[PDB]
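# Remarks on the overall topology
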Amino acid sequence: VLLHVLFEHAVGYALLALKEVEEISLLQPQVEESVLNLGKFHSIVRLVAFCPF
Amino acid sequence: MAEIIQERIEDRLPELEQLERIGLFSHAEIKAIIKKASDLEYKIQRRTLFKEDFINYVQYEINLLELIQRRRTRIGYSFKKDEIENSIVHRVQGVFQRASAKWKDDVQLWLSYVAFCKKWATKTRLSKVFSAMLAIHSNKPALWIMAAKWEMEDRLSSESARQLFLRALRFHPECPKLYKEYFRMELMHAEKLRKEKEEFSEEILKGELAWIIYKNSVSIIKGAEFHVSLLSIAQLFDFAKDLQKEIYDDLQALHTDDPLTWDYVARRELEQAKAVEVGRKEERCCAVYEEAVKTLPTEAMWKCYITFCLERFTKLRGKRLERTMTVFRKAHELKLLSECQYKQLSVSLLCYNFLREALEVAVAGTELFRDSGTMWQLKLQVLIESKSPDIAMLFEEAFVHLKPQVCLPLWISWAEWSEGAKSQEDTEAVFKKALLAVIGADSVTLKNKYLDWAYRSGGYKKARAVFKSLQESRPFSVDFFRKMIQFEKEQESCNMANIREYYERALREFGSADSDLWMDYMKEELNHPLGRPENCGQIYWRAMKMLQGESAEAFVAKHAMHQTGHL
Amino acid sequence: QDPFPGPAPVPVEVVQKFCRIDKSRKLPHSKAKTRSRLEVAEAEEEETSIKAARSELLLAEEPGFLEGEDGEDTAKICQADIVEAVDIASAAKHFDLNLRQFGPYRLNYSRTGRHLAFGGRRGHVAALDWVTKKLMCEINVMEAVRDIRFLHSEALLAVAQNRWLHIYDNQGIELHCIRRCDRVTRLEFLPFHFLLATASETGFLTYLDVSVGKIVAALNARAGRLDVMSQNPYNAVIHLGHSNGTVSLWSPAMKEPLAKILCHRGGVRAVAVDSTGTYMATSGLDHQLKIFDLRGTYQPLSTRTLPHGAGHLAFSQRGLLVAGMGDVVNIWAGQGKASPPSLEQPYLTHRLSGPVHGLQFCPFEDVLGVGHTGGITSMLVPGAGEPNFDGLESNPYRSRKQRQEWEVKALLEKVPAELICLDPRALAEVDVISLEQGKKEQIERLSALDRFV
Amino acid sequence: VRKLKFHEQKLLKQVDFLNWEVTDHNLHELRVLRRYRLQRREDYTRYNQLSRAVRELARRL
Amino acid sequence: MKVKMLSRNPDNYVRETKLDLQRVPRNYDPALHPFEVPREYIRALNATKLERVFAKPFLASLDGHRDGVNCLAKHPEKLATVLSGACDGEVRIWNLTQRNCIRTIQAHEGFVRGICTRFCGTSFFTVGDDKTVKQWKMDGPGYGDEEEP
RNA sequence: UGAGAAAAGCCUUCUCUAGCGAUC
């Protein structure tokens, strides 16, 4: 499930890498905390590149 | 909590027990190391984290590594490096990685990580660090240079440094610093190839690969200073003089109508018989300037020539001045010369005891700029040096031309001259006219000099009359009351009532913010023979309430030092 | 050319302490499938024991000591000489409360050494932190008090009054009045089972589950009045002294004593066991102090005749034994390394204001608590307390949030009453009688005229 | 002591320190002591046991 | 005489600040931790009881087929994409994350007897009772265009 | 309703959120 996401913001372009995630049960009450909580989000997502305007 | 810290201490245990095997460290030393390691570990595993704890952890491990390194040489034991040193270095790398992940924006932490990787870590670990740095800090050209610098001077890979530079220009297309260092780097590569041939292709060895950088950088950045700058590095390399020759010729052909290029050619020509030869070179540099004037008649070109005359005069002296006086006249008729450079020549002429050209500069400045008050001050200083009897007419002509009423240095300067070579009554008349013309904050210095004159021209009685008249003109300074207090002190009477009366007026105006004035008042009651020391209780009480803010704290500290002998 | 190539060794004795396998067994196995599992089991055990050996360096404290010089005897050294020669922190732990208007006092320390509770004969009940000089509660029940004990944390304490058994909060609020337990003489709490054991005048031994609030067992000793009682912390069994000279081992499951051991020629009045559960100390009316080996042998290791009678006995965590005779306490010390205490000559002596009515050692401190008619005194006993405590089991320096987290963990882990046996490892052995019952079912499914006679 | 979590409550069900109704019946007794001020718990016991004797006589009769 | 008593430094055992966490020294001495066998047995017994408490296997049920489901085929490249075939003759593609049906196609007449996905994941193969083997495109048809094999 | 009711000052026990911590 390792993949790269391109996020476009007013300040600049950001490139991020995703390590692992529970894909099938993502839209469920308990697994949704993985993306909501900042600490759990840092566990699975990293910032590999940032290019400001 | 302590489970992670316990894991880390049990991970640290094997190298400590190996060190105890070595004989490098004693058992009590191992106990102390364990205690301090646990104490430092507890700080960085908390829910609230600070950077200084990570810094202290890193510093402690570095100090331990240095101590081990020093002791191993004395013992002579070089075995088991991997068991201890590599484990400590790996732990420090983990700490640095966590700290850099937590605080990405701190460049100083990144540079400290780079330094530690250089000193203690494998070159591939340092290679990974630069990629992490440039990924999120690509907007700083200096970081690109540092990465490219390490590849060339340390890793000896010219290929890696070239790609780092080429990619850097794509992020920063308009940075002149990136081009200059990239220009320098290729010339450094050429020297390594020349030294390569002597130990055992032709085009790069000629410096062609650096010349491609030259043409493109000039096209992108259309600037004379950047163009001249590339020549500066070019002259630094002894080989490929033709490259310097090609750059130098393109200076005049491509870059014209700008003063800087004509200046550089002039200075290039610059670089008892020897003094005659030195004098000969000056005219050739001087000669080039006129074609610069004839081709480019702009004002900015003219300052570059008069200034060039200035250092040679300040650096035989008669011949240098003969150049300056003629080119001053030539510029003056064309009226291109600006106000500031008139002063610089005239001030220069005064210092070397030559007093006639300075007058001509002074006259030319007043005619060209009548309204400028600085010029009228400049002219006045010349005739004071010359001692000519034209000072009186100078004040009449200056104030008539100066329609604005506020001319403070002129009003001051009229006072000292009138004291020197005019009657006493006229000096008082000038002062009274000055107080009428100047009404604002500039009147402060006028009043102080008026009171000082009264004591000198008259006696204490004259100062009293002037002080009484000026005691109500509210724009004041603390020097007004301090001067009057000193005058009472010098007189034989030393009436203490007048001393207190002057202090009360000063405290009324500036008592809210002046801590020194309150402290000076208190010392008068103690030290003066006619003073009453028992009043000091009330003065200290009054000082606290009137003083505001930090001034109140200053008075406490000053009084505390005064109670001791430090004063 | 490396002078010492091998890895760091670990002490064999230290590793043996962290060992739980019976190497003496000589079981034969001729199958490789059996062999593979056995070698892994030894591999698992050896690696765990090695890690704990390295962790010995993490221990930071050292036990106290006291040795004389120039041939002086430590018995004649008094408490005043100790106090001046010890730091200000430990000197503050020696104090003498004087409460004679009320009767003789019985005292109990909490399992964490921070808190102390005491009870007077005339009915004075108070609980206090003793490290700091603060009073948690101080109440006067109108009825007489025979014994005082803590229940798990300092929050709950139980008093054995004249009629019934009562439960109080640490701040003095009465919670329960248990009428089943009547005329109780002695109280003692089993920590890991949450059972409170009561000895009564009528001759009954009762077990109460404080976690649920129900009486799990009520046993008739059939030995008359019960006044001497103690537990073995290792074994979790209850010891009962009788006038016959015999000590009976009891468990809540059985209706009859586990064992009876004859120890004295007269009535036994005191009993105490060590924390490890190896040695048993008893005293009797024959003026004999006895030490028994409880590890399968039950023989008296040491014998000594005393001028006066040792009313009370106690054991510290390092193996020191104290006997209270009248108004004088005597402490015997031994090396304790796989050895009982030496009764040849006492270690320290002290004289109280009144006759001794109760003795206990603080868990993790080098102090001894003595209750008597005059009041309560705290002695200084160098080398009695165990130095390094576990933060997750009994932390003296624990916050309220740490305490409440531990209590839930203990409640999750409560041991049922029926599992108490003479062997704490009895659950590990296979039920041999149940084996053969299963095997039986397995088998089930699987001259010429002489002939005329 | 702390409010038990959902998983903790299932394992630690029926555990309550203050209320032991089956053993001492304190909550029922406390209402009697407060409603009619009784200095000693022993006085309530004598009333209760004597009340049983009156009822036991009536059922036998 | 020489005397020493245990004297814990409070700064070692008490945290420095309110922001700090409590220090927990650990001792592994077996004398301090008795009943290792009975205590661990209760924890294992509690673990099995908690396992039965939290056993909730059912997650969701997908509806939309109009006959009995006969075939299933998962997608090699994506976890959340599955393919199914009903006895009436239709083939449906499901999104496991969204729990809904993406596409519906009338592949065959009668039963569909087998469905397999090409290893690249851009096509699948279906078999029906009409003596026909059909290849389709996994990408959905554009706009409202009718799907063709 | 009936440790009557009402008001002030001290300890004890505990409940909610909200950041924060999990990136080596």
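### Side note on the packing of helix α21 (residues 391-401) of chain B against helix α22 (residues 408-421) of chain B
Residues and elements named next belong to chain B. Direction vectors running N to C along α21 and α22 enclose 160°, while the axes themselves pass 11 Å from each other. Comparing the axis directions of α21 and α22 gives the class roughly antiparallel. Crossing of α21 over α22 shows left-handed handedness. Touching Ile 391, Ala 392, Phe 395, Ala 398 and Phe 399 of α21 are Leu 410, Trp 411, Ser 413, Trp 414 and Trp 417, all from α22. When grouped by side-chain class, the residues that make up the contact of α21 with α22 number nine nonpolar, one polar and no charged.

### Concerning the sheet that holds strand β6 (residues 112-117) of chain E
All names here are of chain E. Read from one edge of the open sheet, three strands run β6-β7-β8, paired in antiparallel fashion. Here the strands that pair on one side only, and so sit at the sheet edges, are β6 and β8 (133-137). For this sheet, the mean inter-axis angle between neighbouring strands, taken without regard to orientation, is 20°. Pairing between β6 and strand β7 (residues 123-128): five bridges, direction antiparallel. Directly across from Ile 115, in β7, lies its bridge partner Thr 126.

### Things to note about the interface of chain C and chain E
Listed by partner, the interface residues are 52 residues for chain C and 30 residues for chain E. Here chain C packs against chain E, burying approximately 4000 Å² in sum over the two surfaces, 61% of which is carbon and sulfur. Between chain C and chain E we count six salt bridges in total. Residue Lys 17 of chain C pairs with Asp 29 of chain E through a salt bridge whose shortest N-O separation is 3.1 Å. Among the elements of the structure, β1 (65-67), α3 (79-84) and α5 (400-412) of chain C are those that each provide at least two residues to the side of chain C that touches chain E. Per element, the largest residue contribution to the side of chain C that touches chain E is three residues, and it comes from β1 of chain C.

### Looking at the pairing of strand β10 (residues 174-178) of chain C
Residues and elements named next belong to chain C. For β10, the buried fraction is high: four of the five residues fall into the buried class. Sheet analysis places strand β9 (residues 165-169) next to β10, joined by four bridges and oriented antiparallel. Residue pairing in the sheet places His 166 in a bridge with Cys 177 of β10. The antiparallel hairpin formed by β9 and β10 contains four residues in its connecting segment, where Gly 172 sits at a positive phi of about 105°.

### Observations concerning the protein's contact with RNA strand F
Within the structure, RNA strand F sits among 20 residues, and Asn 37 of chain A, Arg 47 and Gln 97 of chain B together with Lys 3 and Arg 34 of chain D are positioned closest to it. Backbone atoms, meaning sugar and phosphate, make up 57% of the atoms of RNA strand F lying within 4 Å of the protein. In this structure, a sugar or linking oxygen belonging to RNA strand F sits 2.7 Å away from a main-chain N or O atom of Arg 47 of chain B. Those elements that provide at least two residues to the surface near RNA strand F are α2 (38-44) of chain A, α4 (81-102) of chain B, α5 of chain C together with α2 (26-35) of chain D. Its residues assigned to classes, the surface near RNA strand F comprises three nonpolar, six polar and eleven charged.

### What about a negative patch on the surface?
A surface patch of like charges, here negative, comprises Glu 39, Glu 42, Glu 44, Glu 46 and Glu 47 of chain C. The exposure class of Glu 47 of chain C is exposed, given its relative accessible area of 52%.

The rules we used
Residues numbered from 1 in each chain as written, not as in the entry; some residues may be left out. Chains lettered and ligands numbered in written order. Part of a larger assembly, values for the part shown. Heavy atoms only, no water. Axes fitted to C-alpha atoms, helices over the stretch in contact; angles between N-to-C directions. Helix = DSSP H or I, 4+ residues; strand = E, 2+ residues; numbered from the N terminus. Parallel < 35°, antiparallel > 145°, perpendicular 65-115°, else oblique. Left-handed = near helix turned anticlockwise from the far one by under 90°. Contact = heavy atoms within 4.5 Å. Nonpolar A, V, L, I, M, F, W, Y, C, P; charged D, E, K, R; others polar. Pairing = 2+ DSSP bridges. Buried area = accessible area lost by both parts, 1.4 Å probe. Salt bridge = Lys/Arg side-chain N within 4 Å of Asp/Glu carboxyl O. Buried < 20%, exposed > 50% of the residue type's maximum accessible area, 1.4 Å probe, protein only. Near = heavy atom within 4 Å. Polar contact = N/O pair within 3.5 Å; in protein donor to acceptor, adjacent residues only side chain to side chain. Patch = residues over 30% accessible without salt bridge, like charges linked within 9 Å, V, L, I, M, F, W, Y side chains within 5 Å. Areas by Shrake-Rupley, 256 points an atom, 1.4 Å probe, with all protein chains shown as cover. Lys, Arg positive; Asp, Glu negative; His and termini not counted. Charge placed at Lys NZ, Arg CZ, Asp CG, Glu CD.

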